[PDB]
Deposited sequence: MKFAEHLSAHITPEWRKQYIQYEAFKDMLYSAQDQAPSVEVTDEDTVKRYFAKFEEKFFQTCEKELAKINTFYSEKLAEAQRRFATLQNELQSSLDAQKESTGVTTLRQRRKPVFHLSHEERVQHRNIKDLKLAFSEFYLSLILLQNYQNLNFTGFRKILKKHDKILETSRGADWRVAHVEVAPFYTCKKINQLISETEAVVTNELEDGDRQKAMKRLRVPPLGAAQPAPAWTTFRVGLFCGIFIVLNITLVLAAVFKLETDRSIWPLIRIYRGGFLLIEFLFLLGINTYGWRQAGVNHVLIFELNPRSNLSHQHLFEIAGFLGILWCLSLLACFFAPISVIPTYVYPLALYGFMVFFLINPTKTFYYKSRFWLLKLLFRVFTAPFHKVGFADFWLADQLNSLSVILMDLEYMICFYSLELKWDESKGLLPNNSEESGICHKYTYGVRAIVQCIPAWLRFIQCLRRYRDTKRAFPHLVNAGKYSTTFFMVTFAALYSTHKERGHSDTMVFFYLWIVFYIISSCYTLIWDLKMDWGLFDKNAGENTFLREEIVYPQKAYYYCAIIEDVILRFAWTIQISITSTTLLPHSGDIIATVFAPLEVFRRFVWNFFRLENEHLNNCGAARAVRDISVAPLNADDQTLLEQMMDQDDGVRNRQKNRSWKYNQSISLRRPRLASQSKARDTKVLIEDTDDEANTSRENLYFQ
């Protein structure tokens, strides 16, 4: 009985402007209703109804025009796939060929599945637009105490082509018949199981077992944290240090914070209307939810706390303390490379495939998902540097003869060899090479080659930073020279990233901006406070991340160690607030070509 909310959750976000304006009409009715000349009123509503029915005529015209355009495109795509399949069967029947033709079959199958989803989306369009007309017209007659709404509906909407046409139904039946008599080789149970569209978007809930587990893992994590504070304030001794430890376990804290903050992004994208399932090309009918990410965050959270607490205590006296941390990372590695069909095997298979393509950048094309991860792995380098220290620490600074040799020179945590500089230039190198590939593939030097410059600036800042320090460590006479050259590149990079991420990424500061001062014309998120507040945060922390990478090759005192351990967490909160406005921008480009399905092509 709450249609407003029903339509607000059952609308294709890309076509949000082709759907009847229910709330505006309600405002109109309750406006003319709350305000009246209480002959004066007789002529007053003789003018309000004119406007009301006038607006209704325009809205019905829009739905009929939008409906006609989509049906034409549907007939075209149908003819397109029909020929490809006929040609494919003609080629296979007329005929390395098997493997390519196998994909050819797989390509044709994804094409017909994607086409069916589009026909269902168009059917649900007409169904929810007719329900809105009837429910609002009843509110009009019920508010104006008249019978004109009934007259209007029976003579206009009830005859409207958007509500009278009967070709989408035939097209849907034609496709399912072809998919069953051509691809499935005769099985409607398999064909329908493939072409059937379940509830999608923000109109489908999650299992209560997922909500329960999510909450359970969280509650254990909260208690195992208060314990680590007290135990860290009592059982620990001052005779030994806590830095080799803070160094290895700091990495795990960042990865868990990433998965937790990433689930809060999936939630905001879903409730705002940003179709991240089309931007990242994820199965439209089978995809994970914010709850599944919150669940994996809690699981690895408890695993981390128990390992560190077993290090503060001595649960076992036959087990060397330098095995708890090794088992934790060994476990996390297996949970991601499990060759069994369990624990989100399909979701993990996607991540394992993407990572490979993003670590072989120059040999593969770049899609939003591929480049987006490399920008995610460009804010998760502290994890790579922590892993770096751990490897050398257990190889050069670890006394296995001493069972308690895990927690006690520093060459493993220093860029004495540049290992903490080249490793710091791994994620930037991936994005630099991925950009050049895009340029070669697009033949456009803007923005493919201008952006490849934003990634190079880091190489210089990291290099000069490591050189000035080493020369100064040898007391050479090139200490101030490198120091000045270094600080120069630092400020250059800090601004070549802030501008490109507040202009070429978010897309704010638009010539076409009316009331949203310094903001794009159309903003998806609800409040304008979010955009203005995030702009301040990106600036404040864009000049505090170039310093956290220049202290990887400089801060002799443990003071610099505190700085690094206090910044790695804040950098994560920057990629988190930057994951909102980046995806939103990409969505506002699909809401212009009205693209609610992907464009799947077949192989010749």
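Numbering the deposited sequence from 1, one finds several regions with no C-alpha coordinates, namely 39-44, 102-118, 432-436, 582, 634-704.
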